[PDB]
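The next block holds one structure in the form of structure tokens; read it before the comments.
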Amino acid sequence: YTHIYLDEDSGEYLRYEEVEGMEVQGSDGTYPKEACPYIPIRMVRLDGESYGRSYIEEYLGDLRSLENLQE
Amino acid sequence: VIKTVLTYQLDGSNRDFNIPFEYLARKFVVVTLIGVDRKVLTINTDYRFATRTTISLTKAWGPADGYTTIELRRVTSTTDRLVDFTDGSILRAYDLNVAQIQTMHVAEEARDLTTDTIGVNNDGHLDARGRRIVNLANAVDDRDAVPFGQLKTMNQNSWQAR
Amino acid sequence: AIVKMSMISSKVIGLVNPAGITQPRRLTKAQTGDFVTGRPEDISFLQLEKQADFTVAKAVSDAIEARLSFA
Amino acid sequence: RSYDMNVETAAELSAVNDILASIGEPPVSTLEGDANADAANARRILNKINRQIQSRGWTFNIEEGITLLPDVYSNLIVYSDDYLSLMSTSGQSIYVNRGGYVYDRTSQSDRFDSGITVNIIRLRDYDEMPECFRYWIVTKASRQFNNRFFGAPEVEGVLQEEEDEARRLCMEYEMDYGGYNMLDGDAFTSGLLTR
Amino acid sequence: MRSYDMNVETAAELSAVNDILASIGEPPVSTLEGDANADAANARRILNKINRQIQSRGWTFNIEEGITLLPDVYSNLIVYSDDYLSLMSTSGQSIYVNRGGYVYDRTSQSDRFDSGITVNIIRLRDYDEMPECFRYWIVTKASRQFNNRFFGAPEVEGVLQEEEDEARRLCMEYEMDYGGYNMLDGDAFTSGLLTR
């Protein structure tokens, strides 16, 4: 498990690796809030929601109906 | 002089049973198998009318099942009359007699049921009318206000307390 | 309305005339070929007869779509 | 005058109505020792027609999730004569009457330990039927009584017409009662409306 | 149900007279204690039967949608009285039937109700309360039944058939005039579509 989080104080992202219960002393990297190499992605962003809303999400009804007809 | 119930006792395993009264139709004779609950036996499944006045049961229904009384009450409907008269009929004497019999059966059933009760009178008094209250064993317990016959022995004991 | 009519149309029901002699059990329990006793007229299938209403609905929908597209 | 007495209908007024279908006169008792050869016949025809109409299968008289409990000692279920029809809730029926007890065709066994759920039509009294079905039953009974015994042509024709009208009314009553919907409310199409 | 003689005669005398005339029977003037006529009671029976049938046909002026049938608070039983020609539900498939003499909820398999049910009921009402067109239709149908039960007269049967058809046409006209029934803004589905 690799977990990165905001520093509780006025700091940058803190990154560490947890394998089984305890972390590994070797992995203690710290990255700036700007150049984070993990880069979560989202296609359609909605306020509140953390992520999701694929493009095919809002055409799923058309797919449902067409598949029913074709079946 | 003949009651409409004639409550029975299983007294072991018995099948044949008798009724003292007379009914216009077997739809007006109910057999409620009381004992642990007010279990009632319907017709064709638990009933069998071998012949008139000789009602019989499918099995014994002995006390081992918790049933001790099978009172064979008689109830005549007051909504489904046996003979209803029409202005174009013949007026058979059998019709008039059947009508009077059913109405008398309904009233005699409603006079017998109500007469065996305890309740106040117009003066505001409830009287047992000299009807001994049998079958109340264990009477008392936290001052329940009645004895069950042990009073005789208790008073004999208290008489010779000395 | 049009999509729901199409969904109605998708369902297939085999209407067998009771006055006929064809029995569906021997139809079902039969492989390809396997001459069976019966008459074709006995077996009929329910259909959605609502066609003219479909045509007028399609015409109105096309007109509305055209005006909206121009808009 | 100003009272609301109710006259009998269960085999009492129906028998009178069947009798009046022909020139016959109204009886009163219908249970009198006098056999009367018309109250008995009219009652028989009325009861048979009632049983047939119930067995035809209708929305109100079909009970869906009825569970039948086998006798514990014998593990047998009695297929009573009152059970006009007995079909499984699923597509295929697997229960039939063997001797006088339910028999499972596929399993080839009538020893049921837990129970069964089946769509069952149980015979119910004539008075318990709706007005439409009561009228249809009475008309059918009158027509059959006439055709069997009196054989009056014009009465037979008019009673056939009235039987057709009564059947139409009962069918419309059933369609109104069911409220069946081919859209949501149907089995196959309700799922398709998941767009 | 009800016996023929229980109801008093106010305008049912005209209907009974018409029924008796459909066979030649001369018109009575009492329709009461002073009848002693076997062809008057046999006409009132037909009139009552036909009135019940016509009411059970389900016309819009006697559907009385929205009842609040109440149960006994100590027994929790509603009574499916014989007067209730047809008891149904405002929604789709109805769940109320008649077991014994009390309403039975087949889906719930229980006839014990706490608050009160709402139904689309057709409660029987006297022949007088029927409109004029419905009274004429009832009279014509009762006349046909009386004639073909007691006398015959095929030509009279045909004439009564034509009169019954005309009376039914008039009754249907009255029903459509009464209801209104606009398919737009009156329908339960299209009216919502016209919201725009």
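Every chain in the structure tokens takes a letter, A first, then B, and so on in the order presented; its residues are numbered from 1, and the ligands are numbered from 1 following the presented order.
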For chain B, work out the contacting residues on chain E at 10 Å, counting only C-alpha atoms, and write them as a PyMOL selection string. chain E and resi 3-5+36-39+41-42
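In chain C, the set of residues within 12 Å of chain D (atoms considered: only C-alpha atoms) is residues 1, 3, 4, 5, 6, 7, 8, 9, 10, 11, 12, 13, 25, 46 and 48 of chain C.
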What lies within 12 Å of region 91-93 of chain E using only C-alpha atoms, ignoring chain neighbours under 6 positions off, as a list in words? residues 59, 60, 173, 174, 175, 176, 177, 178, 179, 180, 181, 184 and 185 of chain D; 65, 66, 106, 107, 118, 119, 120 and 188 of chain E
Write out, as a CSV table (one decimal), in the first residue's frame, the residues just selected, with N, CA, C and O atoms.
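Okay, again27.csv is ready:
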```csv
chain,number,residue,atom,x,y,z
D,59,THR,N,-59.5,-13.8,-11.9
D,59,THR,CA,-58.5,-13.1,-11.1
D,59,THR,C,-58.8,-13.2,-9.6
D,59,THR,O,-57.9,-13.4,-8.8
D,60,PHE,N,-60.1,-13.0,-9.3
D,60,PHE,CA,-60.4,-12.9,-7.8
D,60,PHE,C,-60.4,-14.3,-7.2
D,60,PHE,O,-60.0,-14.4,-6.0
D,173,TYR,N,-65.9,-7.1,-16.3
D,173,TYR,CA,-65.6,-7.0,-14.9
D,173,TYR,C,-64.2,-7.5,-14.5
D,173,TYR,O,-63.5,-6.9,-13.7
D,174,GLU,N,-63.8,-8.7,-15.1
D,174,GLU,CA,-62.5,-9.2,-14.8
D,174,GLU,C,-61.4,-8.3,-15.3
D,174,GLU,O,-60.4,-8.2,-14.7
D,175,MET,N,-61.6,-7.8,-16.5
D,175,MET,CA,-60.6,-6.9,-17.1
D,175,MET,C,-60.4,-5.6,-16.2
D,175,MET,O,-59.3,-5.2,-16.0
D,176,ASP,N,-61.5,-5.1,-15.7
D,176,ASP,CA,-61.4,-4.0,-14.8
D,176,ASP,C,-60.8,-4.3,-13.5
D,176,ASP,O,-59.9,-3.6,-12.9
D,177,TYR,N,-61.1,-5.5,-13.0
D,177,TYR,CA,-60.6,-6.0,-11.7
D,177,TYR,C,-59.1,-6.2,-11.8
D,177,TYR,O,-58.3,-5.7,-10.9
D,178,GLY,N,-58.6,-6.8,-12.8
D,178,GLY,CA,-57.2,-7.1,-12.9
D,178,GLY,C,-56.3,-5.8,-13.0
D,178,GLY,O,-55.3,-5.7,-12.4
D,179,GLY,N,-56.8,-4.9,-13.8
D,179,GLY,CA,-56.0,-3.7,-14.1
D,179,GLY,C,-54.6,-4.1,-14.7
D,179,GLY,O,-53.6,-3.4,-14.5
D,180,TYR,N,-54.6,-5.1,-15.6
D,180,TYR,CA,-53.4,-5.6,-16.1
D,180,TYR,C,-52.8,-4.5,-17.0
D,180,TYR,O,-53.5,-3.9,-17.8
D,181,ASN,N,-51.4,-4.3,-16.9
D,181,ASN,CA,-50.7,-3.4,-17.7
D,181,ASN,C,-49.6,-4.1,-18.5
D,181,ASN,O,-48.8,-4.9,-18.0
D,184,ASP,N,-45.0,-1.4,-17.6
D,184,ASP,CA,-44.6,-1.7,-16.2
D,184,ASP,C,-45.8,-2.3,-15.4
D,184,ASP,O,-46.9,-1.7,-15.5
D,185,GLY,N,-45.6,-3.4,-14.8
D,185,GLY,CA,-46.7,-4.3,-14.3
D,185,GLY,C,-46.7,-5.6,-15.0
D,185,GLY,O,-47.3,-6.6,-14.5
E,65,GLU,N,-66.7,6.7,-6.6
E,65,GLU,CA,-65.2,6.5,-6.3
E,65,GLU,C,-64.8,7.3,-5.1
E,65,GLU,O,-65.1,8.4,-5.0
E,66,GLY,N,-64.0,6.6,-4.3
E,66,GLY,CA,-63.4,7.3,-3.1
E,66,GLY,C,-64.1,7.0,-1.8
E,66,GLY,O,-64.0,7.8,-0.9
E,106,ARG,N,-57.0,-10.5,-0.2
E,106,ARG,CA,-56.4,-11.8,-0.7
E,106,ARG,C,-54.9,-11.7,-0.7
E,106,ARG,O,-54.3,-12.7,-0.3
E,107,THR,N,-54.3,-10.6,-1.0
E,107,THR,CA,-52.9,-10.5,-1.1
E,107,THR,C,-52.3,-10.6,0.3
E,107,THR,O,-51.3,-11.3,0.6
E,118,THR,N,-60.3,2.3,1.0
E,118,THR,CA,-60.9,3.2,-0.1
E,118,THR,C,-61.1,2.3,-1.3
E,118,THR,O,-60.2,1.6,-1.8
E,119,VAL,N,-62.3,2.4,-1.9
E,119,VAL,CA,-62.7,1.5,-2.9
E,119,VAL,C,-63.5,2.2,-4.0
E,119,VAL,O,-63.9,3.4,-3.8
E,120,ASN,N,-63.8,1.6,-5.1
E,120,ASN,CA,-64.7,2.0,-6.1
E,120,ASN,C,-65.9,1.1,-6.1
E,120,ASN,O,-65.9,0.0,-6.7
E,188,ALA,N,-55.7,10.5,-17.5
E,188,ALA,CA,-54.8,10.4,-16.4
E,188,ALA,C,-53.4,10.2,-16.9
E,188,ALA,O,-52.5,10.3,-16.0
```
What are the nearest atom pairs, with distances in Å to one decimal, for all residues of chain D that come at most 9 Å from chain B, using only C-alpha atoms, set out by chain and rising residue number as JSON lines?
```
{"residue": "D:6", "atom": "CA", "partner": "B:79", "partner_atom": "CA", "distance": 7.9}
{"residue": "D:7", "atom": "CA", "partner": "B:84", "partner_atom": "CA", "distance": 7.4}
{"residue": "D:8", "atom": "CA", "partner": "B:80", "partner_atom": "CA", "distance": 6.2}
{"residue": "D:9", "atom": "CA", "partner": "B:80", "partner_atom": "CA", "distance": 8.9}
{"residue": "D:10", "atom": "CA", "partner": "B:80", "partner_atom": "CA", "distance": 8.4}
{"residue": "D:12", "atom": "CA", "partner": "B:84", "partner_atom": "CA", "distance": 8.4}
{"residue": "D:25", "atom": "CA", "partner": "B:88", "partner_atom": "CA", "distance": 6.7}
{"residue": "D:26", "atom": "CA", "partner": "B:89", "partner_atom": "CA", "distance": 5.7}
{"residue": "D:27", "atom": "CA", "partner": "B:89", "partner_atom": "CA", "distance": 5.5}
{"residue": "D:28", "atom": "CA", "partner": "B:85", "partner_atom": "CA", "distance": 5.2}
{"residue": "D:29", "atom": "CA", "partner": "B:83", "partner_atom": "CA", "distance": 4.2}
{"residue": "D:30", "atom": "CA", "partner": "B:83", "partner_atom": "CA", "distance": 7.3}
{"residue": "D:31", "atom": "CA", "partner": "B:82", "partner_atom": "CA", "distance": 7.0}
{"residue": "D:32", "atom": "CA", "partner": "B:95", "partner_atom": "CA", "distance": 7.4}
{"residue": "D:33", "atom": "CA", "partner": "B:94", "partner_atom": "CA", "distance": 8.6}
```
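Neighbouring residues of residue 22 (chain E) at 8 Å or closer, counting only C-alpha atoms and skipping chain neighbours under 3 positions away, are residues 18, 19, 25, 143, 144, 146, 147 and 156 of chain E.
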Can you write out the residues you just picked, keeping N, CA, C and O atoms, as a PDB file, in the first residue's frame?
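What follows is the written file part-v9.pdb:
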```
ATOM      1  N   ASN E  18     -96.224  -1.045 -17.180  1.00  0.00           N
ATOM      2  CA  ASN E  18     -95.660  -1.309 -18.501  1.00  0.00           C
ATOM      3  C   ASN E  18     -95.279  -2.778 -18.654  1.00  0.00           C
ATOM      4  O   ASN E  18     -95.549  -3.393 -19.696  1.00  0.00           O
ATOM      5  N   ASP E  19     -94.670  -3.362 -17.621  1.00  0.00           N
ATOM      6  CA  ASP E  19     -94.302  -4.771 -17.695  1.00  0.00           C
ATOM      7  C   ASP E  19     -95.533  -5.642 -17.894  1.00  0.00           C
ATOM      8  O   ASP E  19     -95.518  -6.574 -18.705  1.00  0.00           O
ATOM      9  N   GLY E  25    -101.811  -7.800 -20.328  1.00  0.00           N
ATOM     10  CA  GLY E  25    -102.335  -7.588 -18.990  1.00  0.00           C
ATOM     11  C   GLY E  25    -102.759  -6.157 -18.738  1.00  0.00           C
ATOM     12  O   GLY E  25    -101.975  -5.226 -18.933  1.00  0.00           O
ATOM     13  N   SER E 143     -89.755  -5.757 -19.523  1.00  0.00           N
ATOM     14  CA  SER E 143     -90.891  -6.130 -20.356  1.00  0.00           C
ATOM     15  C   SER E 143     -90.543  -7.302 -21.258  1.00  0.00           C
ATOM     16  O   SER E 143     -91.322  -8.253 -21.385  1.00  0.00           O
ATOM     17  N   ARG E 144     -89.373  -7.250 -21.892  1.00  0.00           N
ATOM     18  CA  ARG E 144     -88.948  -8.353 -22.748  1.00  0.00           C
ATOM     19  C   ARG E 144     -88.860  -9.652 -21.956  1.00  0.00           C
ATOM     20  O   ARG E 144     -89.367 -10.697 -22.388  1.00  0.00           O
ATOM     21  N   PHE E 146     -90.302 -10.455 -19.067  1.00  0.00           N
ATOM     22  CA  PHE E 146     -91.627 -10.881 -18.637  1.00  0.00           C
ATOM     23  C   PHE E 146     -92.371 -11.560 -19.777  1.00  0.00           C
ATOM     24  O   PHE E 146     -92.926 -12.656 -19.614  1.00  0.00           O
ATOM     25  N   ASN E 147     -92.372 -10.932 -20.953  1.00  0.00           N
ATOM     26  CA  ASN E 147     -93.112 -11.477 -22.083  1.00  0.00           C
ATOM     27  C   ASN E 147     -92.586 -12.849 -22.471  1.00  0.00           C
ATOM     28  O   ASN E 147     -93.363 -13.790 -22.663  1.00  0.00           O
ATOM     29  N   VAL E 156     -93.961  -9.465 -30.474  1.00  0.00           N
ATOM     30  CA  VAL E 156     -93.737  -8.580 -29.338  1.00  0.00           C
ATOM     31  C   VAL E 156     -92.296  -8.699 -28.867  1.00  0.00           C
ATOM     32  O   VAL E 156     -91.685  -7.715 -28.437  1.00  0.00           O
TER      33      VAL E 156
END
```
From region 25-98 of chain D, collect each residue whose DSSP state is strand (DSSP E) and return the set as a VMD selection string. chain D and resid 62 to 68 83 to 88 95 to 98
Could you write out that same residue set with C-alpha atoms as a CSV table (one decimal), in the first residue's frame?
```csv
chain,number,residue,atom,x,y,z
D,62,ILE,CA,-57.3,-17.6,-8.2
D,63,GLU,CA,-55.2,-17.8,-5.0
D,64,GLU,CA,-51.5,-17.3,-5.8
D,65,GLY,CA,-49.3,-18.2,-2.9
D,66,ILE,CA,-51.4,-20.8,-1.1
D,67,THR,CA,-49.2,-23.3,0.8
D,68,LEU,CA,-50.5,-26.8,1.5
D,83,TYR,CA,-59.6,-27.9,-5.5
D,84,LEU,CA,-60.9,-27.0,-8.9
D,85,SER,CA,-57.4,-26.4,-10.3
D,86,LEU,CA,-53.9,-26.8,-9.0
D,87,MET,CA,-51.1,-25.3,-11.0
D,88,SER,CA,-47.6,-24.4,-9.9
D,95,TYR,CA,-48.6,-31.5,-9.3
D,96,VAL,CA,-51.5,-33.9,-10.3
D,97,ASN,CA,-54.1,-35.9,-8.5
D,98,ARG,CA,-53.1,-39.5,-8.0
```
Env of residue 127 (chain D): 12 Å cut, atoms = only C-alpha atoms, seq-sep filter 3 positions within chain, self excluded. Answer as a ChimeraX atom specification. /B:80 /D:8-14,46-47,50,123-124,130-135,137-138 /E:1,80-83,85,98-102
Applying 8 Å and only C-alpha atoms, which residues near residue 76 (chain E) remain after dropping the ones on its own chain fewer than 2 positions away? List them as a VMD selection string. chain E and resid 71 to 74 78 111 to 114
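When CA of residue 154 (chain D) is paired with CA of residue 159 (chain E), their separation reads 14.3 Å.
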Mind checking DSSP for chain C and telling me the helix (DSSP H, G or I) residues as number ranges by chain? C: 2-10, 24-28, 40-42, 52-70
Since we have the selection now, will you write its residues out, keeping N, CA, C and O atoms, as a tab-separated table (two decimals), in the first residue's frame?
```tsv
chain	number	residue	atom	x	y	z
C	2	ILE	N	-42.52	6.28	-27.89
C	2	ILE	CA	-42.07	5.42	-28.99
C	2	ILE	C	-41.21	4.28	-28.46
C	2	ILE	O	-41.36	3.13	-28.87
C	3	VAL	N	-40.29	4.59	-27.55
C	3	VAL	CA	-39.41	3.55	-27.01
C	3	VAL	C	-40.23	2.51	-26.26
C	3	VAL	O	-39.95	1.31	-26.34
C	4	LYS	N	-41.23	2.95	-25.50
C	4	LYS	CA	-42.04	1.99	-24.75
C	4	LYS	C	-42.88	1.13	-25.69
C	4	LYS	O	-43.07	-0.06	-25.44
C	5	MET	N	-43.40	1.71	-26.78
C	5	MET	CA	-44.08	0.88	-27.77
C	5	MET	C	-43.14	-0.14	-28.37
C	5	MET	O	-43.52	-1.30	-28.60
C	6	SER	N	-41.89	0.25	-28.64
C	6	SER	CA	-40.92	-0.71	-29.16
C	6	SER	C	-40.68	-1.83	-28.16
C	6	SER	O	-40.59	-3.01	-28.55
C	7	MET	N	-40.55	-1.49	-26.88
C	7	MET	CA	-40.35	-2.52	-25.86
C	7	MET	C	-41.55	-3.47	-25.80
C	7	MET	O	-41.38	-4.68	-25.67
C	8	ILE	N	-42.76	-2.92	-25.90
C	8	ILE	CA	-43.95	-3.77	-25.99
C	8	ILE	C	-43.82	-4.71	-27.18
C	8	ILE	O	-44.11	-5.91	-27.08
C	9	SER	N	-43.38	-4.18	-28.32
C	9	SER	CA	-43.25	-5.00	-29.52
C	9	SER	C	-42.22	-6.11	-29.35
C	9	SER	O	-42.37	-7.19	-29.94
C	10	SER	N	-41.18	-5.87	-28.55
C	10	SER	CA	-40.12	-6.87	-28.41
C	10	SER	C	-40.66	-8.17	-27.83
C	10	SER	O	-40.28	-9.26	-28.28
C	24	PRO	N	-49.06	-27.14	-28.23
C	24	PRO	CA	-47.68	-26.62	-28.17
C	24	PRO	C	-46.68	-27.58	-27.58
C	24	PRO	O	-45.47	-27.40	-27.79
C	25	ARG	N	-47.11	-28.60	-26.82
C	25	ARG	CA	-46.14	-29.50	-26.22
C	25	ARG	C	-45.36	-30.26	-27.28
C	25	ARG	O	-44.13	-30.40	-27.19
C	26	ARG	N	-46.05	-30.74	-28.31
C	26	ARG	CA	-45.37	-31.45	-29.39
C	26	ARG	C	-44.57	-30.51	-30.28
C	26	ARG	O	-43.65	-30.95	-30.97
C	27	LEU	N	-44.91	-29.22	-30.28
C	27	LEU	CA	-44.08	-28.23	-30.97
C	27	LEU	C	-42.77	-28.02	-30.23
C	27	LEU	O	-41.69	-28.01	-30.83
C	28	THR	N	-42.84	-27.85	-28.90
C	28	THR	CA	-41.64	-27.61	-28.11
C	28	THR	C	-40.74	-28.84	-28.09
C	28	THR	O	-39.53	-28.74	-28.27
C	40	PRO	N	-51.08	-24.56	-39.28
C	40	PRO	CA	-50.40	-23.28	-39.03
C	40	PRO	C	-51.34	-22.19	-38.54
C	40	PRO	O	-50.92	-21.35	-37.73
C	41	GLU	N	-52.59	-22.17	-39.00
C	41	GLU	CA	-53.50	-21.10	-38.62
C	41	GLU	C	-53.78	-21.11	-37.12
C	41	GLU	O	-54.13	-20.07	-36.55
C	42	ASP	N	-53.64	-22.27	-36.47
C	42	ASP	CA	-53.93	-22.35	-35.04
C	42	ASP	C	-52.98	-21.47	-34.23
C	42	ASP	O	-53.40	-20.79	-33.29
C	52	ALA	N	-50.54	3.75	-37.10
C	52	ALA	CA	-50.78	5.12	-37.54
C	52	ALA	C	-50.40	6.12	-36.46
C	52	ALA	O	-49.80	7.16	-36.75
C	53	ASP	N	-50.75	5.82	-35.21
C	53	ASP	CA	-50.31	6.67	-34.11
C	53	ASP	C	-48.79	6.76	-34.08
C	53	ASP	O	-48.22	7.82	-33.81
C	54	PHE	N	-48.11	5.65	-34.39
C	54	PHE	CA	-46.65	5.69	-34.47
C	54	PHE	C	-46.19	6.64	-35.57
C	54	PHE	O	-45.24	7.40	-35.37
C	55	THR	N	-46.85	6.61	-36.73
C	55	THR	CA	-46.44	7.49	-37.82
C	55	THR	C	-46.62	8.96	-37.45
C	55	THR	O	-45.74	9.79	-37.70
C	56	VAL	N	-47.76	9.30	-36.84
C	56	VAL	CA	-47.98	10.71	-36.49
C	56	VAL	C	-47.02	11.14	-35.39
C	56	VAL	O	-46.50	12.27	-35.40
C	57	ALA	N	-46.75	10.26	-34.42
C	57	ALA	CA	-45.78	10.59	-33.39
C	57	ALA	C	-44.40	10.81	-33.98
C	57	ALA	O	-43.70	11.75	-33.59
C	58	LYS	N	-44.00	9.96	-34.93
C	58	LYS	CA	-42.70	10.14	-35.57
C	58	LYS	C	-42.65	11.45	-36.34
C	58	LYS	O	-41.63	12.15	-36.32
C	59	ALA	N	-43.73	11.81	-37.03
C	59	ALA	CA	-43.75	13.06	-37.77
C	59	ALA	C	-43.60	14.25	-36.83
C	59	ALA	O	-42.82	15.18	-37.09
C	60	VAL	N	-44.35	14.24	-35.72
C	60	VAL	CA	-44.26	15.35	-34.77
C	60	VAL	C	-42.87	15.42	-34.15
C	60	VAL	O	-42.31	16.50	-33.97
C	61	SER	N	-42.31	14.26	-33.81
C	61	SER	CA	-40.97	14.24	-33.23
C	61	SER	C	-39.94	14.78	-34.22
C	61	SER	O	-39.03	15.51	-33.83
C	62	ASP	N	-40.07	14.42	-35.49
C	62	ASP	CA	-39.16	14.93	-36.50
C	62	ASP	C	-39.28	16.44	-36.63
C	62	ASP	O	-38.26	17.15	-36.74
C	63	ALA	N	-40.50	16.97	-36.62
C	63	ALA	CA	-40.67	18.42	-36.70
C	63	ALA	C	-40.04	19.11	-35.51
C	63	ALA	O	-39.35	20.13	-35.66
C	64	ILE	N	-40.27	18.58	-34.30
C	64	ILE	CA	-39.71	19.20	-33.11
C	64	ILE	C	-38.19	19.14	-33.15
C	64	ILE	O	-37.50	20.12	-32.81
C	65	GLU	N	-37.63	18.00	-33.57
C	65	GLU	CA	-36.18	17.89	-33.67
C	65	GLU	C	-35.62	18.88	-34.68
C	65	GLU	O	-34.57	19.48	-34.44
C	66	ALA	N	-36.30	19.06	-35.81
C	66	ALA	CA	-35.82	20.00	-36.81
C	66	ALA	C	-35.80	21.42	-36.27
C	66	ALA	O	-34.82	22.15	-36.43
C	67	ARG	N	-36.89	21.84	-35.61
C	67	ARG	CA	-36.92	23.20	-35.08
C	67	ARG	C	-35.86	23.38	-33.99
C	67	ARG	O	-35.20	24.43	-33.94
C	68	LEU	N	-35.68	22.38	-33.13
C	68	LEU	CA	-34.66	22.49	-32.10
C	68	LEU	C	-33.26	22.56	-32.70
C	68	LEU	O	-32.43	23.36	-32.26
C	69	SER	N	-32.99	21.74	-33.71
C	69	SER	CA	-31.68	21.77	-34.35
C	69	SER	C	-31.42	23.13	-34.99
C	69	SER	O	-30.31	23.67	-34.87
C	70	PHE	N	-32.42	23.69	-35.66
C	70	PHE	CA	-32.27	25.05	-36.16
C	70	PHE	C	-32.00	26.02	-35.01
C	70	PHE	O	-31.23	26.97	-35.16
```
For chain A, report every residue with an atom at most 10 Å from chain C (counting only C-alpha atoms), formatted as a VMD selection string. chain A and resid 65 to 66 68 to 71
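Contacts from chain A to chain D at a cut-off of 9 Å (only C-alpha atoms) map to residues 60, 61, 62, 63, 64, 65 and 68 of chain A.
Interatomic distance, CA of residue 24 (chain A) to CA of residue 10 (chain A): 24.9 Å.
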Neighbouring residues of region 68-73 of chain B were defined as those with any atom within 6 Å, considering only C-alpha atoms; residues of the same chain fewer than 5 positions away were excluded. Please report them as a VMD selection string. chain B and resid 4 to 5 7 to 10 30 to 35 63
